[PDB]
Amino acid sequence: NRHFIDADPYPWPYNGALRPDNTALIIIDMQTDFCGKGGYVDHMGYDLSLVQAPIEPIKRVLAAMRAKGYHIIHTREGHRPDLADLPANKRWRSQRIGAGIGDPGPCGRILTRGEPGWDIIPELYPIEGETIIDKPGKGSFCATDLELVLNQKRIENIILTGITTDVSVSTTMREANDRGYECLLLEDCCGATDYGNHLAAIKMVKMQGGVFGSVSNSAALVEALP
């Protein structure tokens, strides 16, 4: 009963065991803070078009995987309003460059849970029955219930999308891969603060016969999704 997605450096998933019941899409940190005007990334002066580029491709993948009954997971990087989960170094770095986590901005308190800027963008909003992971780090496994959730659902395969490619997306992929999950990175469904770093994070997956998994794109996924 095998099915593959055309991918680089190998057809994904490795063993062809691609089904709705054992496969999840994860949409990482598609929040106003990371891709919208007035947010954290905007405050740092990075080019929002790099991180907005993946919105429509993720939209297409999301629609297709919803229609076929695949597990859908969303993440939000953010902190408790009391900032108890905010490392001192992380906070200081963000303040030094004028984008202080917890400080007020046009979208509310930066990367603070419950604030408008922190929420997932309307274009990729979750619907009921889709798990949201609230995380205080870049990696989606660190200090969350993601592993527990994945194991209860018996998820083996993860399709990664979202932003930023080299930070949250890459870290989540590394975490997942280290724990035995089989991951596909959709290159047109991520974007970064630096386009070269985006391309490099993608190439890093491919080395050593697919060290972190494999790489494809939104069109190829939609085409071959069972």
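Throughout, we count residues from 1 along the sequence that is shown.
Item to complete: Report the stretch with the higher mean CA temperature factor, choosing between 92-100 and 142-150 on the basis of the entry.
Response: Here the higher of the two C-alpha B-factor means belongs to 92-100.
- Per the entry, where is the mean C-alpha temperature factor higher: 168-176 or 57-65? Higher of the two, by average CA B-factor, is 57-65.
From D29, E182, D42, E187, which pick has the Cα B-factor that tops the rest in the entry?
Of the candidates given, the C-alpha B-factor peaks at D42.
Relative to the other modelled residues in the chain, which third contains the C-alpha temperature factor of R109: lowest, middle or highest?
-> Highest third - that is where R109 ends up once the chain's C-alpha B-factors are sorted.
Checklist line | B-factor third for the C-alpha atom of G196 within its chain | finding: Middle third.
Third of the chain's Cα B-factor distribution that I132 belongs to, per the entry: Within its chain, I132 is a middle-third residue by C-alpha B-factor, going by the deposited values.
Q. Split the chain's modelled residues into thirds by Cα B-factor; is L48 in the lowest, middle or highest one?
A. Highest third of the chain for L48's C-alpha B-factor.
Item checked: Chain thirds of CA B-factor: placement of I121 -> Its C-alpha B-factor, which the entry lists for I121, ranks in the highest third among residues of this chain.
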